[PDB]
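Shown below, as C-alpha cells, is a lone chain in the form deposited in one PDB entry; questions about how it binds or moves come after it.
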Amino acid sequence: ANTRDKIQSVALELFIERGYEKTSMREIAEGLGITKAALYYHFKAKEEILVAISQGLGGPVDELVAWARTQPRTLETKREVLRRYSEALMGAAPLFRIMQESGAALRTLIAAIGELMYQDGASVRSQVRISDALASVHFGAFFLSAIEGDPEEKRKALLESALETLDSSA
C-alpha cells in the first residue's frame, strides 16, 4: 500500500521534526497533499498511525523471532539472537527518539524473544544475566543518544558489552 506507507512517512517526518504531542491529524493531512483523502480510509486516530509505524519498523524483529524457533537452545544461539536483535532495532532509532520526548507516545508504545533467551531450570544468577544482556540491547537506544559519537560505533560497543554479560551467564 503506497498511500498507507506515504501516510506513515509524512507522519513520521512530522513526529521527528515537530513531535508526536504537537503533530495534529490536520498537520499530517496538509503534508499528505492530494493523498489526504486516503488518510481516513486507512487510519482514524493519530495513535493508530504511530502503532502502524512501529509495526512496519518492527519487521526484522518478527523474522528474527520466527528464525529462532528453529534454533537449538544453546549459548551460541542466544548470542546470534542478540546480535541480530541489535541490527533489527536499527530502523526503530527515530521511534525511540520520539518516545523519550512524547510521554503519550511512550504510553502508546519482546516477550517472544525473552522466551527464546530463557533457560529453563537455570540458576537465578544465569537467568538474570541473560535478561540483563537482552535489556541492555533493547533499551540501548534510549541512553545511547546522550553519548557523543558515531551511532554505529556506539551500537556495536553496546552489543559488545551485552554479549560479555550474556557469556557470563554460562
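Whichever C-alpha set is largest while still superposing within 1.5 Å between the two forms counts as the rigid core. Each residue number is its position in the shown sequence, starting from 1.
**Message:** Going by the PDB record, how many residues of the deposited sequence fall between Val124 and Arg125 without any coordinates: none, 1 to 3, 4 to 9, or 10 or more?
**Reply:** Missing in between: none.
**Request:** For the higher mean C-alpha B factor in the entry, choose 154-162 or 17-25.
**Result:** Taking the mean B-factor of the alpha carbons in each, 17-25 is higher.
**Request:** Would you mind comparing 125-133 and 34-42 for me and telling me which has the higher average C-alpha temperature factor in the entry?
**Result:** The deposited B-factors put 34-42 ahead on the C-alpha mean.
**Asked** Say you rank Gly114, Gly140, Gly59, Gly103 by Cα B-factor from the PDB entry; which sits at the top?
**Response** Of the candidates given, the C-alpha B-factor peaks at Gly103.
**Prompt:** Once the chain's modelled residues are ordered by C-alpha B factor and cut into thirds, is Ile53 in the lowest, middle or highest one?
**Reply:** Middle third - that is where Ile53 ends up once the chain's C-alpha B-factors are sorted.
**For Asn2, the third of its chain into which the C-alpha B factor falls** = Top third by C-alpha B-factor.
**Asked** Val65's Cα B-factor: lowest, middle or highest third of the chain?
**Response** As the PDB entry reports it, the C-alpha B-factor of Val65 lands in the lowest third of its chain.
**Item:** Ranked against its chain, the third holding the CA B-factor of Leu82
**Value:** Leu82: CA B-factor falls in the lowest third of its chain.
**Prompt:** Against its chain's modelled residues, does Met99's Cα B factor rank lowest, middle or highest third?
**Reply:** Within its chain, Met99 is a highest-third residue by C-alpha B-factor, going by the deposited values.
Quick note: we don't show the form deposited in another entry, though the next part is all about it.
**Message:** To test your reading of the superposition: with the rigid core aligned, which of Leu144, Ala52, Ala38, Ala135 moves its Cα by 2 angstroms or more between this form and the one not shown?
**Reply:** C-alpha shift of at least 2 Å: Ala38.
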